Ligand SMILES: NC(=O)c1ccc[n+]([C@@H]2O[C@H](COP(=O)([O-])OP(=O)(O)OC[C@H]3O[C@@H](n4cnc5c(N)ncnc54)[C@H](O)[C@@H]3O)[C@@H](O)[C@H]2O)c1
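Let's start with one chain on its own, the form solved without ligand NAD, as structure tokens.
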């Protein structure tokens, strides 16, 4: 099974959706979970955090890293979706899309990489999107932000490979597709797999969970 007993697990975007399902799944698997979100009863510890807010990420992460022994798993599951034709998208939606969808994980990585290096090992799973894999009308900015996020996460994975850290992604969707859209609980199970000891030879990979809509791209 998927067992994370005793492990310290951080999940961003934990107030709803994929991040919430993932946090709950880690709690069920025996982990000590902290969930982070803009705002929020929860069966895990909660921290308010705007992942785009670099000063808040620094303050919150520094405080928490003082009291833990290892950060066993980091899940980046924060994100926002702002759709529109490329030439109709507002300036605010462009800036916010990148600040959250790329800057968020950037800020987390800036504050956690030294911990991964000093402890050795651990796993990072980042939630991208199948829009990072194929052009999607109406999602040029969203897709582009998720493509940046994927690229960033893979280079961070290369930077941390010498420390033994495994770094992977899941790309949810937004007779093909096959079956109903994949729900947060299904995404959460894939995240736990990639975070687990059963995936110890898997790094720099990205599993698309969208019923095949990208035709393998």
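Positions refer to the first chain, counted from 1. Between two forms, the rigid core is the largest collection of C-alphas that superpose within 1.5 Å. Shifts are known only where both forms have a C-alpha.
What follows is about the form solved in complex with ligand NAD, which we do not show.
- Only one of 71, 144, 89, 100 lies close to ligand NAD in the entry with it bound, with a heavy atom inside 4.5 Å, and it is 100.
- You can rule out all but one of 47 to 55, 62 to 70, 156 to 164, 23 to 31: in the entry with it bound, only 47 to 55 has residues with a heavy atom within 4.5 Å of ligand NAD.
- Within 4.5 Å of some heavy atom of ligand NAD in the entry with it bound lies at least one heavy atom of residue 77.
- For the chain shown alone, residue 18 is a contact residue for ligand NAD in the entry with it bound, at least one non-hydrogen atom being within 4.5 angstroms.
- Within 4.5 Å of any heavy atom of ligand NAD in the entry with it bound lies no heavy atom of residue 105.
- Contact between residue 172 and ligand NAD in the entry with it bound is found at the 4.5 Å heavy atom cutoff.
- Here is what shifts between the shown form and the other one when you lay the two on the core: just one run of at least 3 residues, every Cα off by 2 Å or more, at 175 to 177.
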